[PDB]
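Results of the structural survey
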Amino acid sequence: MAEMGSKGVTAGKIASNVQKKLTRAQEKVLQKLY
């Protein structure tokens with residue numbers, strides 16, 4: 001554990017955000033195959 005001030009609350013938002021882009025990639029590749 002630690003302080004996790006504006007570091008975890010901020011950088012944590014980017015992680016979740018980029019995650020969406022990865023999930024979108026998965027659904028998009030299906031367009032190439034299927």
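1. Points about unusual backbone geometry
- One non-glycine residue, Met4, lies in positive phi territory at about 45°.
- Along the chain, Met4 falls in the segment before α1 (8–33).
- Given a relative accessible area of 62%, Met4 falls into the exposed group.

2. Observations concerning a nonpolar patch on the surface
- Taken together, the side chains of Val29, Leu30, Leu33 and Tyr34 make up a nonpolar region of the molecular surface, amounting to roughly 460 Å² of accessible area.
- Within the element layout of this structure, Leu30 appears in helix α1.
- Residue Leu30 is classed as partly exposed on the basis of its relative accessible area, which comes to 32%.

Calculation criteria
- Residues numbered from 1 in each chain as written, not as in the entry; some residues may be left out.
- Heavy atoms only, no water.
- Helix = DSSP H or I, 4+ residues; strand = E, 2+ residues; numbered from the N terminus.
- Buried < 20%, exposed > 50% of the residue type's maximum accessible area, 1.4 Å probe, protein only.
- Patch = residues over 30% accessible without salt bridge, like charges linked within 9 Å, V, L, I, M, F, W, Y side chains within 5 Å.
- Areas by Shrake-Rupley, 256 points an atom, 1.4 Å probe, with all protein chains shown as cover.
- Salt bridge = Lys/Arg side-chain N within 4 Å of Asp/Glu carboxyl O.

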